[PDB]
Amino acid sequence: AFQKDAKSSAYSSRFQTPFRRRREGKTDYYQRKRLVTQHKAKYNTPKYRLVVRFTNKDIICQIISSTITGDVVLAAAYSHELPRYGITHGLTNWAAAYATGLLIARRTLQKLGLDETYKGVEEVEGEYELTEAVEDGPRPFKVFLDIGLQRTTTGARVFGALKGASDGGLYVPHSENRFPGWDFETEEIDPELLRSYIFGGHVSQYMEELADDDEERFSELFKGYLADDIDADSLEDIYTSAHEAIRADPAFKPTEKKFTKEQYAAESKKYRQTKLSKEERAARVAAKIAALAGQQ
Amino acid sequence: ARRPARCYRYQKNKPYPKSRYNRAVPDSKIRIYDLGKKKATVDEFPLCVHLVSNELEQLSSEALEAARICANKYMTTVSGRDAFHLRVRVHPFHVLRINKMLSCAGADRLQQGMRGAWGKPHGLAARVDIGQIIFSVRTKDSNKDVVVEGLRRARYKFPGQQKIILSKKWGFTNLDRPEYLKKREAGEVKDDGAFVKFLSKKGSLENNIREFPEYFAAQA
Amino acid sequence: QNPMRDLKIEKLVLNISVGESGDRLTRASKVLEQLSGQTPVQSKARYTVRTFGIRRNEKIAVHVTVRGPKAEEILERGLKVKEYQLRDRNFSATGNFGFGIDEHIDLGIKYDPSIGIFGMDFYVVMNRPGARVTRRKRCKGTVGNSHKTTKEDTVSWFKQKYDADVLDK
Amino acid sequence: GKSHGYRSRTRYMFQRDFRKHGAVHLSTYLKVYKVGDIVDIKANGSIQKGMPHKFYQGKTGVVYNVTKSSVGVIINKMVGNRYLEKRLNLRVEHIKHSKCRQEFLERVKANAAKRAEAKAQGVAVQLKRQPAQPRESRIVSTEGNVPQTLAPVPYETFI
RNA sequence: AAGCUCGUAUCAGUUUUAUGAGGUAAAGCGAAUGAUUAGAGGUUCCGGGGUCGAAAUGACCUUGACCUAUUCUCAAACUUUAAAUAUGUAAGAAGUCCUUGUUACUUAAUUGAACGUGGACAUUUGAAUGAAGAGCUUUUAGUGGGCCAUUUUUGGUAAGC
RNA sequence: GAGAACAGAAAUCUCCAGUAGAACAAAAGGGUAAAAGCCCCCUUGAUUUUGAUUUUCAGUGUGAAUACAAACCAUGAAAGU
RNA sequence: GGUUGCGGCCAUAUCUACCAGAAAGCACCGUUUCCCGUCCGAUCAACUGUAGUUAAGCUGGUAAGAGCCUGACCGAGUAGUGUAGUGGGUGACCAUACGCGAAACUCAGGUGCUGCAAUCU
């Protein structure tokens, strides 16, 4: 209700407007262009990219290509299906992204049909390594990261899926100086601390941190573990049992989803307001000019 | 100097205005453009005979200054100062350049020929198009006879064959004379200082009620 | 119709402008160490004046900000010196107010004549539970008109507490 | 003196646009360029790298070289009294496909489309593009449309 | 001038179809920047000058500026729009379609990119008109003071400047 | 534009509007907004080899520039530069 | 048909002022041990959807809305311009013939479409 500024018609005329995906602040196009431009000598070979966006209590992970008509998704992996594998809680922790990382990396291979090779690492000791090319065989799948708007800080949850993608049978170019525990004073790396973070060490150490110091803070959070009778000593066992469970059958069994589309569609138009017709526009302004400007 | 206007009568150059590249330009000779009863309202002066030029030429500020004095001095003494609203509708923008050769015995010292002949500004003259309206009188119907002759006495001081035409349509605002009378009582007229603000059908309804009361009620 | 929406303190900022450069800069900066409990930072000039005795980049004054539940307890201590009295004006159109006082010694702490008299100033910013939208990194929006803080709102929200008068007219 | 610089007399020529400023969209990069494709030149002032000389603007050439982030084109410059084969290497934002050529592409298959029908039924090819032939004899109607007399308007100034 | 290789191959100081590029003419400045005339509505404590008033962020005016809706006239070094003339390219057999190989490039992938292997499309083979034939090579005389006219325009008032 | 003792118009702090009306070493013109403008971490790719192309052009040099090849690097998590 | 993630075109979606959003999701939100950066966990960093929300963000509807776009025998064959004449006029400049053909104004309408994947009483 600030009419003092009174942005003129001239200002509203020559105002250049940003792109729709930028006007709403969802895409940084300075970084975007350098990530999608394929080598022109490669002709019609797509450059696949992997997105990781951390929304509230959920993680976005999918393999997506690009096209003039629009970006094309190859495979998808969501946090909501981790309870099916056995990860019922902790959907937005650092280790949760890694669990999806093994899930997303493995899932693309089945539909590709090349999962027989490039198994990644199955022991997971937290050590740095890439999925090296197999001699006398297909080259390893390469895919880049997509972060966009959350700042690159070491220990970020985005790099949890990076380890999962890297150790899940995919090749992603990445370095060690941003993982959760890489020393800043020197080039030292401690995979042992990473091995805890990969397997939920951070949450597990905070389990006993409240189990002896203060119970009311422990009680008000962690409601599910108390209700489901899960302790810290079994917390890591969940993730260890999770990893091989993902590789058992990562077929992305779709939900029964209940009902059908039309009743979902029917529930919308029955309550959503429609447009207005020109006769309705003329009718009310005639009524308004009669009721208000007609002087009773 | 003030060489005869026969040199600058004709449009012989591109427009050369007073811009940041145009410094040290002499001031315009004409000082006041609108004169008479400038505060007069719109409906008080139904008639205004214009004065239109016929050909392409440039009219200098001195010519505009001399004509305005001649026109104003006439109607003020016979019709009275509170009888007309005279306006000048041309502004001197083109700048006149001279080469400035001295008049004494030169050659050996005068200008070393016409080398670098670009000159310095001498005056400021307007640019007049074909059929472009010059002047406007805004008089009353009973005063047409005096005013028309007054513009006749002023057309002599311009260079050219400019003519006077019996104008129409309340020649202070646009839109035809019989149409203006139709909108005088219909309620599309707001009595504003000098000019009159018309009615719009595309703005918001709420604000229009305030300044335009006698359109939506019974009125007359 | 009063949901969880309400008015609450966003931050409290402190400022001590200094007339010149020298030892008194460090003397004034260290005052905020024992008041805010935190480390104050530097505020630097923008251009030279040549008549105030200051010039370009000479670190004229310090400042510090305090937030959270550890911010309001400073407020009433500052309000003691004014006898809990405010003015009709001193309230911004964006629902914020402040006040500047000298002989800060009335706020507490021993006089310590090696310290002197410092005119530390107050300014407190108020917002609502959800004004984060203007500070976010993804999908940065703007505060709604019906949700923005207003001068009438901050005065109204201030009046039901502290039983303070408004004086003047 | 006189200025004959590389980008001289370019003041309304390399302007980005009105109300279309800012970074270029991503559709210009996602198009596939192959050797031997007719293109057009429109210099983009957003990024000066790989930008053609002011002489080349709207000129049409053939793609012969495709490097990592640039495309090579050939321009038949007319200098003196002859044509010289000038080779230019330009980035992908100062170039766009010339859709004058593509119209010929479906014309090839359009003639080929009814080529099969022509031999299926018999002769009657008539696939050469005829120009705008003169109109043939047609009759007009007066029932419900009567001629309206018109006369030149008498002069009146209305000013 | 000497010619040379072949002969309607294909080329054009031209038109059309399709498709680009170009900011001059025009137009606009109740659109940006400059100007630029004259009023109407509020505003000045963070402006000054008159009545009253210790006294002002006091009651009443004005002066000089701001904001709002207007109004008269312009820009080679102003601009949203945007001509006419002129200008780039294409109108295909060095072409298209189906199967297939090589490559040390590229690709996750005999998947991509260059060219050929086998088969089909012939005289409306796929715009108009014209073609004392098309293309190619060597050598060298003279030439490097120009002027005038329609059209556009620069300097100078103007000039057989 | 709204506010803070000195502090007032130019001392330092906070909020709103703000397509940029600022700033990009030095002329003028284009270009630039999670940027080419502010500041901060690392670094000398301002490296080696000799080709090709554009402007002035005679299509010769010269100055400037353009995109690439075969090495070794700087940086960023990486695409990339 | 709604919502989210990634987009394509990219103000027929921008802006101003109001009203509405059971459904899932969006966002606020609660916590300061481990990572991390700030004076300030306010942004950024980490933890469970826990204690309430739909107030805000976002989406949707309206303005005789400001702008944008579209169309018009509306302005207007107007201005301008290619070709031509021992055409007019001293001169400026102007008509005619064969062609091309604007912009401002005025009026009327609209004021987002769409791809990939998941999901949503």
# chains A, B, ... in the order shown; residues from 1 in each chain; ligands from 1
call {"tool": "residues_around", "arguments": {"residues": "residue F:31", "least_positions_apart": "3", "cutoff": "12 Å", "atoms": "only C-alpha atoms (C1' of nucleotides)", "output": "ChimeraX atom specification"}}
result
/D:11,14-17,21-23,44-49 /F:24,35-36
call {"tool": "write_last_selection", "arguments": {"atoms": "C-alpha atoms (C1' of nucleotides)", "output": "PDB file, in the first residue's frame"}}
result
ATOM      1  CA  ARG D  11      26.788   1.991 -32.699  1.00  0.00           C
ATOM      2  CA  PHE D  14      26.022  -4.410 -32.282  1.00  0.00           C
ATOM      3  CA  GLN D  15      23.324  -3.275 -29.844  1.00  0.00           C
ATOM      4  CA  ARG D  16      21.929  -6.277 -27.995  1.00  0.00           C
ATOM      5  CA  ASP D  17      18.222  -5.359 -28.232  1.00  0.00           C
ATOM      6  CA  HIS D  21      19.105  -7.629 -22.792  1.00  0.00           C
ATOM      7  CA  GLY D  22      20.874 -10.032 -20.450  1.00  0.00           C
ATOM      8  CA  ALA D  23      22.435 -13.436 -20.886  1.00  0.00           C
ATOM      9  CA  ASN D  44      25.765 -11.104 -30.584  1.00  0.00           C
ATOM     10  CA  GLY D  45      27.185  -8.276 -28.490  1.00  0.00           C
ATOM     11  CA  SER D  46      26.753 -10.179 -25.219  1.00  0.00           C
ATOM     12  CA  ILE D  47      30.082 -12.035 -25.519  1.00  0.00           C
ATOM     13  CA  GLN D  48      32.719 -10.508 -27.797  1.00  0.00           C
ATOM     14  CA  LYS D  49      34.672 -13.767 -28.145  1.00  0.00           C
TER      15      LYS D  49
ATOM     16  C1'   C F  24      34.198  -1.544 -14.934  1.00  0.00           C
ATOM     17  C1'   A F  35      26.917 -10.648 -13.470  1.00  0.00           C
ATOM     18  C1'   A F  36      32.165  -8.378 -16.540  1.00  0.00           C
TER      19        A F  36
END
call {"tool": "residues_around", "arguments": {"residues": "residue D:71", "least_positions_apart": "2", "cutoff": "8 Å", "atoms": "only C-alpha atoms (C1' of nucleotides)", "output": "list in words"}}
result
residues 33, 63, 64, 65, 66, 67, 69, 73, 89, 90, 91 and 92 of chain D
call {"tool": "residues_around", "arguments": {"residues": "residue A:293", "least_positions_apart": "2", "cutoff": "12 Å", "atoms": "only C-alpha atoms (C1' of nucleotides)", "output": "number ranges by chain"}}
result
A: 285-291, 295-296; B: 205-210, 212-218; G: 64
call {"tool": "write_last_selection", "arguments": {"atoms": "N, CA and C atoms (P, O5', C5', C4', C3', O3' and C1' of nucleotides)", "output": "PDB file, in the first residue's frame"}}
result
ATOM      1  N   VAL A 285     -20.034  -4.327 -13.934  1.00  0.00           N
ATOM      2  CA  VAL A 285     -19.648  -2.922 -14.031  1.00  0.00           C
ATOM      3  C   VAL A 285     -20.872  -2.062 -14.317  1.00  0.00           C
ATOM      4  N   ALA A 286     -21.819  -2.589 -15.097  1.00  0.00           N
ATOM      5  CA  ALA A 286     -23.104  -1.920 -15.257  1.00  0.00           C
ATOM      6  C   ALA A 286     -23.855  -1.862 -13.934  1.00  0.00           C
ATOM      7  N   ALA A 287     -23.813  -2.948 -13.161  1.00  0.00           N
ATOM      8  CA  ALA A 287     -24.396  -2.931 -11.825  1.00  0.00           C
ATOM      9  C   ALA A 287     -23.635  -1.982 -10.908  1.00  0.00           C
ATOM     10  N   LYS A 288     -22.301  -2.004 -10.978  1.00  0.00           N
ATOM     11  CA  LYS A 288     -21.503  -1.112 -10.143  1.00  0.00           C
ATOM     12  C   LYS A 288     -21.751   0.348 -10.500  1.00  0.00           C
ATOM     13  N   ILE A 289     -21.798   0.663 -11.796  1.00  0.00           N
ATOM     14  CA  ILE A 289     -22.044   2.042 -12.204  1.00  0.00           C
ATOM     15  C   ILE A 289     -23.467   2.460 -11.850  1.00  0.00           C
ATOM     16  N   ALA A 290     -24.405   1.510 -11.815  1.00  0.00           N
ATOM     17  CA  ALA A 290     -25.767   1.831 -11.409  1.00  0.00           C
ATOM     18  C   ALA A 290     -25.889   1.956  -9.895  1.00  0.00           C
ATOM     19  N   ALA A 291     -25.296   1.020  -9.150  1.00  0.00           N
ATOM     20  CA  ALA A 291     -25.439   1.031  -7.698  1.00  0.00           C
ATOM     21  C   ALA A 291     -24.631   2.157  -7.065  1.00  0.00           C
ATOM     22  N   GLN A 295     -26.018   7.060  -7.634  1.00  0.00           N
ATOM     23  CA  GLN A 295     -26.454   7.839  -6.476  1.00  0.00           C
ATOM     24  C   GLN A 295     -27.782   7.308  -5.929  1.00  0.00           C
ATOM     25  N   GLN A 296     -27.771   6.022  -5.587  1.00  0.00           N
ATOM     26  CA  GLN A 296     -28.934   5.334  -5.028  1.00  0.00           C
ATOM     27  C   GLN A 296     -30.160   5.458  -5.930  1.00  0.00           C
TER      28      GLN A 296
ATOM     29  N   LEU B 205     -12.711   3.301 -12.007  1.00  0.00           N
ATOM     30  CA  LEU B 205     -13.980   3.981 -11.769  1.00  0.00           C
ATOM     31  C   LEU B 205     -13.950   4.855 -10.522  1.00  0.00           C
ATOM     32  N   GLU B 206     -13.242   4.426  -9.473  1.00  0.00           N
ATOM     33  CA  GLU B 206     -13.347   5.096  -8.178  1.00  0.00           C
ATOM     34  C   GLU B 206     -12.829   6.529  -8.231  1.00  0.00           C
ATOM     35  N   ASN B 207     -11.627   6.736  -8.776  1.00  0.00           N
ATOM     36  CA  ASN B 207     -11.059   8.081  -8.796  1.00  0.00           C
ATOM     37  C   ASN B 207     -11.845   9.003  -9.720  1.00  0.00           C
ATOM     38  N   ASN B 208     -12.435   8.450 -10.782  1.00  0.00           N
ATOM     39  CA  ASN B 208     -13.198   9.264 -11.722  1.00  0.00           C
ATOM     40  C   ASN B 208     -14.403   9.935 -11.075  1.00  0.00           C
ATOM     41  N   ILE B 209     -14.959   9.347 -10.014  1.00  0.00           N
ATOM     42  CA  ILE B 209     -16.117   9.947  -9.358  1.00  0.00           C
ATOM     43  C   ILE B 209     -15.743  11.273  -8.707  1.00  0.00           C
ATOM     44  N   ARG B 210     -14.522  11.373  -8.177  1.00  0.00           N
ATOM     45  CA  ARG B 210     -14.132  12.553  -7.410  1.00  0.00           C
ATOM     46  C   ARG B 210     -14.098  13.802  -8.285  1.00  0.00           C
ATOM     47  N   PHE B 212     -14.924  14.128 -11.492  1.00  0.00           N
ATOM     48  CA  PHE B 212     -15.946  14.159 -12.540  1.00  0.00           C
ATOM     49  C   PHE B 212     -17.300  13.839 -11.916  1.00  0.00           C
ATOM     50  N   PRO B 213     -17.836  14.740 -11.087  1.00  0.00           N
ATOM     51  CA  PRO B 213     -19.096  14.413 -10.402  1.00  0.00           C
ATOM     52  C   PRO B 213     -20.314  14.470 -11.309  1.00  0.00           C
ATOM     53  N   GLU B 214     -20.430  15.494 -12.149  1.00  0.00           N
ATOM     54  CA  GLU B 214     -21.651  15.699 -12.931  1.00  0.00           C
ATOM     55  C   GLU B 214     -21.622  14.947 -14.261  1.00  0.00           C
ATOM     56  N   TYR B 215     -21.361  13.643 -14.201  1.00  0.00           N
ATOM     57  CA  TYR B 215     -21.560  12.776 -15.355  1.00  0.00           C
ATOM     58  C   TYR B 215     -22.457  11.608 -14.968  1.00  0.00           C
ATOM     59  N   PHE B 216     -22.377  11.186 -13.710  1.00  0.00           N
ATOM     60  CA  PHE B 216     -23.028   9.958 -13.286  1.00  0.00           C
ATOM     61  C   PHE B 216     -24.324  10.199 -12.526  1.00  0.00           C
ATOM     62  N   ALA B 217     -24.538  11.408 -12.017  1.00  0.00           N
ATOM     63  CA  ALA B 217     -25.782  11.754 -11.353  1.00  0.00           C
ATOM     64  C   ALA B 217     -26.794  12.223 -12.398  1.00  0.00           C
ATOM     65  N   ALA B 218     -27.946  12.717 -11.940  1.00  0.00           N
ATOM     66  CA  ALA B 218     -28.946  13.236 -12.868  1.00  0.00           C
ATOM     67  C   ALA B 218     -28.412  14.437 -13.636  1.00  0.00           C
TER      68      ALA B 218
ATOM     69  P     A G  64     -13.141  -1.058 -11.881  1.00  0.00           P
ATOM     70  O5'   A G  64     -12.751   0.142 -12.857  1.00  0.00           O
ATOM     71  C5'   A G  64     -12.042  -0.086 -14.068  1.00  0.00           C
ATOM     72  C4'   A G  64     -12.970  -0.461 -15.198  1.00  0.00           C
ATOM     73  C3'   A G  64     -12.434  -0.259 -16.607  1.00  0.00           C
ATOM     74  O3'   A G  64     -11.579  -1.308 -17.029  1.00  0.00           O
ATOM     75  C1'   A G  64     -14.637   0.594 -16.464  1.00  0.00           C
TER      76        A G  64
END
call {"tool": "closest_atom_pairs", "arguments": {"of": "chain D", "to": "chain E", "cutoff": "7 Å", "atoms": "only C-alpha atoms (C1' of nucleotides)", "output": "tab-separated table"}}
result
residue	atom	partner	partner_atom	distance
D:12	CA	E:23	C1'	6.7
D:40	CA	E:20	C1'	6.9
D:57	CA	E:21	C1'	5.8
D:58	CA	E:21	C1'	3.8
D:59	CA	E:88	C1'	4.8
D:60	CA	E:89	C1'	5.4
D:99	CA	E:19	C1'	6.3
D:100	CA	E:19	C1'	4.2
D:101	CA	E:90	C1'	5.8
D:126	CA	E:124	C1'	5.6
D:127	CA	E:126	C1'	5.7
D:128	CA	E:126	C1'	5.5
D:129	CA	E:127	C1'	5.4
D:130	CA	E:127	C1'	6.5
D:131	CA	E:127	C1'	6.6
call {"tool": "closest_atom_pairs", "arguments": {"of": "chain A", "to": "chain G", "cutoff": "6 Å", "atoms": "only C-alpha atoms (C1' of nucleotides)", "output": "Markdown table"}}
result
| residue | atom | partner | partner_atom | distance |
| --- | --- | --- | --- | --- |
| A:9 | CA | G:66 | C1' | 5.8 |
| A:12 | CA | G:67 | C1' | 5.4 |
| A:13 | CA | G:67 | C1' | 5.6 |
| A:68 | CA | G:8 | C1' | 5.7 |
| A:69 | CA | G:8 | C1' | 4.9 |
| A:70 | CA | G:8 | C1' | 4.8 |
| A:71 | CA | G:7 | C1' | 4.9 |
| A:72 | CA | G:116 | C1' | 4.6 |
| A:73 | CA | G:116 | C1' | 5.4 |
| A:155 | CA | G:35 | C1' | 5.0 |
| A:180 | CA | G:35 | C1' | 5.8 |
| A:202 | CA | G:34 | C1' | 5.7 |
| A:221 | CA | G:50 | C1' | 4.9 |
| A:222 | CA | G:48 | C1' | 5.4 |
| A:265 | CA | G:1 | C1' | 4.4 |
| A:268 | CA | G:1 | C1' | 5.0 |
| A:269 | CA | G:1 | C1' | 5.9 |
call {"tool": "select_by_dssp", "arguments": {"residues": "stretch 27-196 of chain B", "states": "strand (DSSP E)", "output": "PyMOL selection string"}}
result
chain B and resi 35-36+50-52+85-86+94-98+120-125+133-136+163-165
call {"tool": "write_last_selection", "arguments": {"atoms": "C-alpha atoms", "output": "PDB file, in the first residue's frame"}}
result
ATOM      1  CA  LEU B  35       0.816  36.356 -23.883  1.00  0.00           C
ATOM      2  CA  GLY B  36      -2.518  38.086 -23.438  1.00  0.00           C
ATOM      3  CA  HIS B  50      -4.534  30.385 -37.010  1.00  0.00           C
ATOM      4  CA  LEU B  51      -1.795  31.509 -39.415  1.00  0.00           C
ATOM      5  CA  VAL B  52      -0.230  28.758 -41.531  1.00  0.00           C
ATOM      6  CA  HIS B  85      -4.936  34.751 -25.614  1.00  0.00           C
ATOM      7  CA  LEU B  86      -2.075  34.948 -28.119  1.00  0.00           C
ATOM      8  CA  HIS B  94      18.374  25.879 -35.449  1.00  0.00           C
ATOM      9  CA  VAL B  95      21.605  27.841 -34.976  1.00  0.00           C
ATOM     10  CA  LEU B  96      22.943  30.178 -37.665  1.00  0.00           C
ATOM     11  CA  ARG B  97      26.662  30.201 -38.476  1.00  0.00           C
ATOM     12  CA  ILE B  98      28.807  32.908 -40.084  1.00  0.00           C
ATOM     13  CA  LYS B 120      30.880  30.384 -35.048  1.00  0.00           C
ATOM     14  CA  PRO B 121      27.188  30.856 -34.182  1.00  0.00           C
ATOM     15  CA  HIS B 122      25.600  34.193 -35.086  1.00  0.00           C
ATOM     16  CA  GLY B 123      21.893  33.740 -34.337  1.00  0.00           C
ATOM     17  CA  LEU B 124      19.109  31.284 -33.544  1.00  0.00           C
ATOM     18  CA  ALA B 125      16.351  30.674 -36.104  1.00  0.00           C
ATOM     19  CA  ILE B 133       0.428  26.268 -37.853  1.00  0.00           C
ATOM     20  CA  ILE B 134       2.027  29.480 -36.567  1.00  0.00           C
ATOM     21  CA  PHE B 135       0.414  31.667 -33.885  1.00  0.00           C
ATOM     22  CA  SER B 136      -2.998  31.253 -32.224  1.00  0.00           C
ATOM     23  CA  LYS B 163      -1.559  32.788 -45.055  1.00  0.00           C
ATOM     24  CA  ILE B 164      -4.398  33.172 -42.552  1.00  0.00           C
ATOM     25  CA  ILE B 165      -7.208  30.601 -42.448  1.00  0.00           C
TER      26      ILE B 165
END
call {"tool": "interface_residues", "arguments": {"of": "chain D", "to": "chain G", "cutoff": "10 Å", "atoms": "only C-alpha atoms (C1' of nucleotides)", "output": "number ranges by chain"}}
result
D: 19, 25-27
call {"tool": "write_last_selection", "arguments": {"atoms": "N, CA and C atoms", "output": "mmCIF file, in the first residue's frame"}}
result
data_model
loop_
_atom_site.group_PDB
_atom_site.id
_atom_site.type_symbol
_atom_site.label_atom_id
_atom_site.label_comp_id
_atom_site.auth_asym_id
_atom_site.auth_seq_id
_atom_site.Cartn_x
_atom_site.Cartn_y
_atom_site.Cartn_z
ATOM 1 N N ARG D 19 14.648 -4.283 -24.567
ATOM 2 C CA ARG D 19 13.883 -5.185 -23.705
ATOM 3 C C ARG D 19 14.217 -6.657 -23.944
ATOM 4 N N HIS D 25 19.779 -17.019 -24.088
ATOM 5 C CA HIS D 25 19.089 -18.229 -23.678
ATOM 6 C C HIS D 25 19.885 -19.469 -24.084
ATOM 7 N N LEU D 26 19.429 -20.624 -23.601
ATOM 8 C CA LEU D 26 20.163 -21.872 -23.772
ATOM 9 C C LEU D 26 19.774 -22.640 -25.028
ATOM 10 N N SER D 27 18.819 -22.143 -25.816
ATOM 11 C CA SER D 27 18.433 -22.859 -27.028
ATOM 12 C C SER D 27 19.473 -22.704 -28.129
#
call {"tool": "atom_distance", "arguments": {"atom1": "atom CA of residue A:2", "atom2": "atom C1' of residue G:43"}}
result
27.5 Å
call {"tool": "residues_around", "arguments": {"residues": "residue C:78", "least_positions_apart": "2", "cutoff": "10 Å", "atoms": "only C-alpha atoms (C1' of nucleotides)", "output": "ChimeraX atom specification"}}
result
/C:73-76,80-84,99-101,104,106-107,120-122
call {"tool": "closest_atom_pairs", "arguments": {"of": "chain B", "to": "chain D", "cutoff": "12 Å", "atoms": "only C-alpha atoms", "output": "CSV"}}
result
residue,atom,partner,partner_atom,distance
B:48,CA,D:159,CA,10.8
B:49,CA,D:159,CA,9.7
B:50,CA,D:159,CA,8.7
B:51,CA,D:159,CA,10.7
B:52,CA,D:159,CA,9.9
B:131,CA,D:159,CA,10.1
B:132,CA,D:159,CA,10.6
B:133,CA,D:159,CA,9.2
B:164,CA,D:159,CA,11.4
B:165,CA,D:159,CA,8.5
B:166,CA,D:159,CA,8.5
B:167,CA,D:159,CA,5.7
B:168,CA,D:159,CA,6.5
B:169,CA,D:159,CA,8.0
B:170,CA,D:159,CA,10.5
B:171,CA,D:159,CA,8.7
B:172,CA,D:159,CA,11.7
B:173,CA,D:159,CA,11.6
B:174,CA,D:159,CA,9.6
B:175,CA,D:159,CA,10.2
B:176,CA,D:158,CA,9.0
B:177,CA,D:158,CA,10.9
call {"tool": "write_last_selection", "arguments": {"atoms": "C-alpha atoms", "output": "compact mmCIF listing (two decimals), in the first residue's frame"}}
result
# COMPACT_ATOMS: atom_id res chain seq x y z
CA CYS B 48 -9.21 31.06 -32.78
CA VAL B 49 -7.95 31.88 -36.28
CA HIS B 50 -4.53 30.38 -37.01
CA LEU B 51 -1.79 31.51 -39.41
CA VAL B 52 -0.23 28.76 -41.53
CA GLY B 131 1.32 24.00 -43.68
CA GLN B 132 2.65 24.19 -40.13
CA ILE B 133 0.43 26.27 -37.85
CA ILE B 164 -4.40 33.17 -42.55
CA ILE B 165 -7.21 30.60 -42.45
CA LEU B 166 -10.57 30.61 -40.68
CA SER B 167 -9.98 27.80 -38.20
CA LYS B 168 -12.60 25.73 -36.37
CA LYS B 169 -13.03 23.30 -33.47
CA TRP B 170 -12.33 25.64 -30.54
CA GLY B 171 -8.81 26.26 -31.62
CA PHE B 172 -7.17 25.82 -28.27
CA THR B 173 -8.00 22.11 -27.92
CA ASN B 174 -8.52 19.35 -30.48
CA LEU B 175 -11.96 17.90 -31.44
CA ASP B 176 -14.66 19.62 -33.49
CA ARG B 177 -16.64 22.65 -32.36
call {"tool": "select_by_dssp", "arguments": {"residues": "chain D", "states": "alpha helix (DSSP H)", "output": "JSON, numbers by chain"}}
result
{"D": [99, 100, 101, 102, 103, 104, 105, 106, 107, 108, 109, 110, 111, 112, 113, 114, 115, 116, 117, 118, 119, 120, 121]}
call {"tool": "residues_around", "arguments": {"residues": "residue B:159", "least_positions_apart": "4", "cutoff": "12 Å", "atoms": "only C-alpha atoms (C1' of nucleotides)", "output": "MDAnalysis selection string"}}
result
(chainID B and resid 4:10 53:60 62:64 66:67 128 154:155 163) or (chainID G and resid 92)
call {"tool": "interface_residues", "arguments": {"of": "chain C", "to": "chain A", "cutoff": "8 Å", "atoms": "only C-alpha atoms", "output": "ChimeraX atom specification"}}
result
/C:137-141,145
call {"tool": "write_last_selection", "arguments": {"atoms": "N, CA, C and O atoms", "output": "PDB file, in the first residue's frame"}}
result
ATOM      1  N   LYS C 137      17.850 -18.128   0.116  1.00  0.00           N
ATOM      2  CA  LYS C 137      18.694 -18.245  -1.068  1.00  0.00           C
ATOM      3  C   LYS C 137      17.957 -18.818  -2.272  1.00  0.00           C
ATOM      4  O   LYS C 137      18.255 -18.443  -3.408  1.00  0.00           O
ATOM      5  N   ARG C 138      17.008 -19.720  -2.049  1.00  0.00           N
ATOM      6  CA  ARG C 138      16.207 -20.306  -3.115  1.00  0.00           C
ATOM      7  C   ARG C 138      14.780 -19.783  -3.025  1.00  0.00           C
ATOM      8  O   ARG C 138      14.176 -19.807  -1.949  1.00  0.00           O
ATOM      9  N   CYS C 139      14.247 -19.315  -4.153  1.00  0.00           N
ATOM     10  CA  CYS C 139      12.889 -18.775  -4.230  1.00  0.00           C
ATOM     11  C   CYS C 139      12.720 -17.580  -3.288  1.00  0.00           C
ATOM     12  O   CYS C 139      11.821 -17.533  -2.446  1.00  0.00           O
ATOM     13  N   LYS C 140      13.614 -16.608  -3.448  1.00  0.00           N
ATOM     14  CA  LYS C 140      13.581 -15.399  -2.633  1.00  0.00           C
ATOM     15  C   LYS C 140      12.341 -14.576  -2.965  1.00  0.00           C
ATOM     16  O   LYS C 140      12.177 -14.118  -4.100  1.00  0.00           O
ATOM     17  N   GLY C 141      11.466 -14.391  -1.973  1.00  0.00           N
ATOM     18  CA  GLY C 141      10.263 -13.618  -2.128  1.00  0.00           C
ATOM     19  C   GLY C 141      10.311 -12.298  -1.386  1.00  0.00           C
ATOM     20  O   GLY C 141      11.381 -11.784  -1.034  1.00  0.00           O
ATOM     21  N   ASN C 145       1.941  -7.342   2.035  1.00  0.00           N
ATOM     22  CA  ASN C 145       1.528  -6.024   2.508  1.00  0.00           C
ATOM     23  C   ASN C 145       0.794  -6.113   3.841  1.00  0.00           C
ATOM     24  O   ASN C 145       1.079  -5.342   4.766  1.00  0.00           O
TER      25      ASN C 145
END
call {"tool": "closest_atom_pairs", "arguments": {"of": "chain C", "to": "chain F", "cutoff": "6 Å", "atoms": "only C-alpha atoms (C1' of nucleotides)", "output": "CSV"}}
result
residue,atom,partner,partner_atom,distance
C:15,CA,F:13,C1',5.9
C:17,CA,F:12,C1',5.2
C:61,CA,F:12,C1',5.9
C:92,CA,F:3,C1',5.1
C:93,CA,F:2,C1',5.4
C:94,CA,F:15,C1',6.0
C:99,CA,F:4,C1',5.6
C:100,CA,F:5,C1',5.5
C:101,CA,F:5,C1',5.4
C:102,CA,F:5,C1',5.8
C:119,CA,F:5,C1',5.9
